[PDB]
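> Have a look at this one before I ask anything.
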2 protein chains.
Amino acid sequence: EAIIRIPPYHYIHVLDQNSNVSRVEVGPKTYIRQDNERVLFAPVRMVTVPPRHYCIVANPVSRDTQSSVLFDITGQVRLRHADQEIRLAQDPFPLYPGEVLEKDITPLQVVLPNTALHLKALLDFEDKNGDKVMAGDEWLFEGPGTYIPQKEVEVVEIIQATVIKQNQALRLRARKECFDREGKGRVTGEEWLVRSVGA
Amino acid sequence: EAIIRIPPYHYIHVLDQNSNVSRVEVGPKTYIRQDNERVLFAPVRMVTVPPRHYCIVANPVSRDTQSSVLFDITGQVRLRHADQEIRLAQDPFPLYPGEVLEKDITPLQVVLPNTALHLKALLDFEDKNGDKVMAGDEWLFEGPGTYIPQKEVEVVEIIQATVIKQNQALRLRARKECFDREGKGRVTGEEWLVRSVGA
């Protein structure tokens with residue numbers, strides 16, 4: 001049929017045979033497809049992002065400084081393809097053709113006050129405070145709070161802060177040429193203790 | 001049929017019977033083949049290179065200093081044939097006829113801080129800092145970071161940095177007329193120790 005029924009908060013993708021490109025048709029419109037227009041799939045609910053959650057969709061539409069969806073000269077949505085987009089929280093928005101949903105309504109991580117996060121970067125990127133982070137740079141994020149899951153930063157594991165009770169010390173061991181809290185040269189294979197009561 | 005359907009991000013190869021050569025026809029176009037034109041294969045997704053990955057395709061199109069795809073006088077794409085091309089990360093690009101895909105979306109290697117890479121050159125090439133590398137020259141790349149896989153450089157194995165704890169030393173042995181950290185003449189078959197605590 002040439003008649004389509006789009007509810008107020010649903011979207012579809014139409015591949016125009018003549019216009020030779022695809023585009024998004026956000027509702028609410030019970031739009032009628034032209035003879036050239038062909039609908040791909042049935043109406044699907046908008047990509048909703050409740051608060052206190054997050055999602056990331058690959059191949060984001062590359063928007064300019066005005067955050068407008070730039071359509072290509074041919075007519076297809078201009079995607080970044082390789083890159084990704086960090087979606088924190090907003091109203092239910094339409095997916096554009098060529099966008100692959102990777103994460104969807106996944107809960108925002110919650111770091112406990114007595115734990116941290118182990119982080120891999122994967123290539124170089126500029127940090128929040130203008131810090132150049134290598135592809136193999138190691139970052140630690142202690143809470144409490146809520147870190148934002150980035151496309152340039154990956155979470156490895158959960159660090160459990162070992163508690164040291166009174167008249168105790170913690171045997172450590174360094175896996176690289178690093179510096180501990182006491183600022184002493186910590187070569188690989190060296191061991192040392194902690195001299196402060198507390199987590 | 002004379003009608004072809006190319007999605008926005010797919011490509012094919014057409015061998016023109018009269019134009020007597022092949023060329024790439026990048027989309028998005030539901031192009032109609034002429035009577036001389038004959039399509040080889042069905043639409044295939046563009047060669048996509050996500051970030052933090054890499055790929056290398058043999059027989060690259062030899063581009064000039066402007067990085068334009070030079071078409072031959074006959075009309076075929078000018079390939080380097082023997083040579084290769086190092087593709088780091090970019091938008092999904094079309095393969096040209098005569099290009100054989102060797103690597104595709106292979107993850108970029110990640111060197112651990114306490115490991116290195118064993119490298120073979122294979123012929124002579126100019127290094128990053130203008131260093132002439134022989135076909136049999138031996139290079140070591142210690143991390144952490146991300147080395148770029150080159151067409152002129154080959155990775156052999158993974159070196160595990162042996163850790164030397166306190167009051168210990170490492171028994172070494174030289175396989176060539178080389179120089180160790182102490183700058184003493186190290187002939188083949190000679191053995192010596194390491195006199196520094198650390199990895």
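For the structure tokens, the naming scheme is as follows: chains receive sequential letters (A, B, ...) according to their order of presentation, residues are indexed from 1 within each chain, and ligands are indexed from 1 in presentation order.
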Using only C-alpha atoms, determine which residues lie at most 9 Å from residue 16 in chain B, disregarding the query and same-chain residues fewer than 5 positions distant; provide the list as a list in words.

residues 21, 22, 23, 34, 35, 36, 37, 38 and 39 of chain B

> Taking the DSSP assignment computed from this structure's backbone, write out as a PyMOL selection string all residues of range 64-144 of chain A that belong to strand (DSSP E).

chain A and resi 84-87+90-93+100-101+106-107+115-121+125-126+132-133+138-142

> Keeping N, CA, C and O atoms, export the residues of the selection given above as a short mmCIF file (atom, residue, chain, number, x, y, z; two decimals), in the first residue's frame.


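Heads up, here's the output in result.cif:
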```
data_model
loop_
_atom_site.label_atom_id
_atom_site.label_comp_id
_atom_site.auth_asym_id
_atom_site.auth_seq_id
_atom_site.Cartn_x
_atom_site.Cartn_y
_atom_site.Cartn_z
N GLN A 84 31.72 7.28 16.98
CA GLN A 84 30.54 7.00 17.78
C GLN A 84 30.04 8.30 18.40
O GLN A 84 30.66 9.36 18.25
N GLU A 85 28.92 8.21 19.11
CA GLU A 85 28.33 9.35 19.79
C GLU A 85 27.94 8.97 21.21
O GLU A 85 27.40 7.88 21.45
N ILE A 86 28.21 9.87 22.15
CA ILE A 86 27.87 9.66 23.55
C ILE A 86 26.54 10.33 23.85
O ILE A 86 26.43 11.56 23.90
N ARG A 87 25.50 9.52 24.04
CA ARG A 87 24.16 10.02 24.34
C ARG A 87 23.89 9.87 25.83
O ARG A 87 23.75 8.76 26.34
N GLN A 90 18.14 12.45 26.90
CA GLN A 90 17.37 13.42 26.12
C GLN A 90 16.04 12.78 25.75
O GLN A 90 15.73 11.65 26.15
N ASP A 91 15.25 13.51 24.97
CA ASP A 91 13.96 13.04 24.50
C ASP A 91 14.15 11.94 23.47
O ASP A 91 15.21 11.83 22.84
N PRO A 92 13.14 11.09 23.27
CA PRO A 92 13.25 10.03 22.26
C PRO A 92 13.42 10.57 20.85
O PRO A 92 12.51 11.22 20.31
N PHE A 93 14.58 10.31 20.24
CA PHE A 93 15.08 10.81 18.97
C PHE A 93 15.06 9.71 17.91
O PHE A 93 15.13 8.52 18.24
N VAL A 100 23.91 1.91 13.52
CA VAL A 100 23.77 0.61 14.17
C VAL A 100 23.71 0.83 15.68
O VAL A 100 24.64 1.38 16.27
N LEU A 101 22.62 0.39 16.30
CA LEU A 101 22.44 0.55 17.74
C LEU A 101 23.32 -0.45 18.48
O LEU A 101 23.13 -1.66 18.37
N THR A 106 21.00 1.25 28.67
CA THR A 106 21.82 0.58 29.67
C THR A 106 22.00 1.50 30.88
O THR A 106 22.29 2.68 30.72
N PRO A 107 21.83 0.98 32.10
CA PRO A 107 21.91 1.84 33.28
C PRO A 107 23.28 2.48 33.43
O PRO A 107 24.31 1.86 33.14
N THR A 115 35.23 1.95 46.24
CA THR A 115 35.71 1.22 45.07
C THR A 115 36.11 2.21 43.99
O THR A 115 35.83 3.41 44.06
N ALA A 116 36.79 1.69 42.96
CA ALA A 116 37.25 2.50 41.84
C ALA A 116 36.98 1.75 40.54
O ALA A 116 36.41 0.65 40.54
N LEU A 117 37.39 2.35 39.43
CA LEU A 117 37.19 1.78 38.10
C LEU A 117 38.54 1.68 37.41
O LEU A 117 39.36 2.59 37.50
N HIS A 118 38.77 0.56 36.71
CA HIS A 118 39.99 0.39 35.94
C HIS A 118 39.71 0.72 34.48
O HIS A 118 38.75 0.20 33.89
N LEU A 119 40.53 1.59 33.89
CA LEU A 119 40.20 2.17 32.60
C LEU A 119 41.29 1.90 31.57
O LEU A 119 42.48 2.06 31.84
N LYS A 120 40.87 1.48 30.37
CA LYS A 120 41.73 1.51 29.19
C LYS A 120 41.29 2.65 28.30
O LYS A 120 40.11 2.79 28.00
N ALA A 121 42.25 3.47 27.88
CA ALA A 121 42.09 4.18 26.62
C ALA A 121 42.39 3.20 25.49
O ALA A 121 42.91 2.10 25.70
N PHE A 125 43.31 10.75 22.81
CA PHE A 125 42.19 11.68 22.87
C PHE A 125 42.53 12.75 23.90
O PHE A 125 43.41 12.57 24.74
N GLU A 126 41.82 13.87 23.81
CA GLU A 126 42.00 14.96 24.75
C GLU A 126 41.06 14.76 25.94
O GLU A 126 39.85 14.57 25.75
N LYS A 132 46.53 14.91 27.34
CA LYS A 132 46.73 14.01 26.22
C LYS A 132 46.88 12.59 26.76
O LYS A 132 47.82 12.30 27.51
N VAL A 133 45.95 11.71 26.39
CA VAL A 133 45.90 10.35 26.90
C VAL A 133 46.35 9.40 25.79
O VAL A 133 45.76 9.38 24.71
N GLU A 138 46.87 4.50 31.50
CA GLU A 138 46.10 3.85 32.56
C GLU A 138 45.49 4.93 33.45
O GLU A 138 46.21 5.78 33.99
N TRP A 139 44.17 4.90 33.61
CA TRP A 139 43.47 5.84 34.46
C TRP A 139 42.67 5.12 35.54
O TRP A 139 42.15 4.02 35.34
N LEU A 140 42.59 5.76 36.71
CA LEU A 140 41.81 5.26 37.83
C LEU A 140 40.76 6.30 38.18
O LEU A 140 41.08 7.49 38.27
N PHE A 141 39.52 5.86 38.38
CA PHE A 141 38.42 6.75 38.75
C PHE A 141 37.81 6.24 40.06
O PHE A 141 37.05 5.27 40.06
N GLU A 142 38.15 6.90 41.16
CA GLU A 142 37.53 6.58 42.44
C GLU A 142 36.31 7.46 42.67
O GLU A 142 36.28 8.64 42.29
#
```

> Using only C-alpha atoms, tabulate the residues of chain B lying at most 6 Å from any atom of chain A, each with its closest atom pair and that distance in Å to one decimal, by chain and increasing residue number, as a tab-separated table.


```
residue	atom	partner	partner_atom	distance
B:29	CA	A:20	CA	5.9
B:50	CA	A:82	CA	4.2
B:51	CA	A:82	CA	5.8
B:144	CA	A:136	CA	5.7
B:145	CA	A:136	CA	5.0
B:165	CA	A:189	CA	5.5
B:198	CA	A:187	CA	5.1
B:199	CA	A:188	CA	5.3
```

> Provide the CA of residue 110 in chain A to CA of residue 146 in chain A distance in Å, to one decimal place.

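It comes out at 5.5 Å.
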
> Using Å and a single decimal, report how far CA of residue 112 in chain A sits from CA of residue 147 in chain A.

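CA of residue 112 in chain A lies 11.4 Å from CA of residue 147 in chain A.
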
> Ranking A:104, A:157, A:25, A:127 by minimum distance to residue 53 in chain A and counting only C-alpha atoms, which one comes first?

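For residue 53 in chain A, the nearest of the given residues is A:104.
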
> Identify, on the basis of only C-alpha atoms, every residue whose closest approach to residue 163 in chain A does not exceed 10 Å; exclude the query and any residue fewer than 5 positions from it along the same chain; express the result as a list in words.

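Here the answer would be residues 114, 168, 169, 170, 197, 198 and 199 of chain A.
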
> Give me a file of those residues, with C-alpha atoms, as a PDB file, in the first residue's frame.


```pdb
ATOM      1  CA  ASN A 114      35.028   2.439  48.630  1.00  0.00           C
ATOM      2  CA  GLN A 168      48.501  -3.632  59.881  1.00  0.00           C
ATOM      3  CA  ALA A 169      50.139  -2.991  56.524  1.00  0.00           C
ATOM      4  CA  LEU A 170      49.479  -4.041  52.929  1.00  0.00           C
ATOM      5  CA  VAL A 197      45.491   3.117  58.814  1.00  0.00           C
ATOM      6  CA  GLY A 198      42.452   3.416  56.552  1.00  0.00           C
ATOM      7  CA  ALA A 199      40.874   2.149  53.344  1.00  0.00           C
TER       8      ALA A 199
END
```

> Closest to residue 3 in chain A among A:24, A:31, A:130, A:113, using only C-alpha atoms?

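Nearest to residue 3 in chain A: A:31.
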
> Please measure the separation of CA of residue 89 in chain B and CA of residue 55 in chain B, giving the value in Å to one decimal.

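Separation of CA of residue 89 in chain B and CA of residue 55 in chain B: 8.4 Å.
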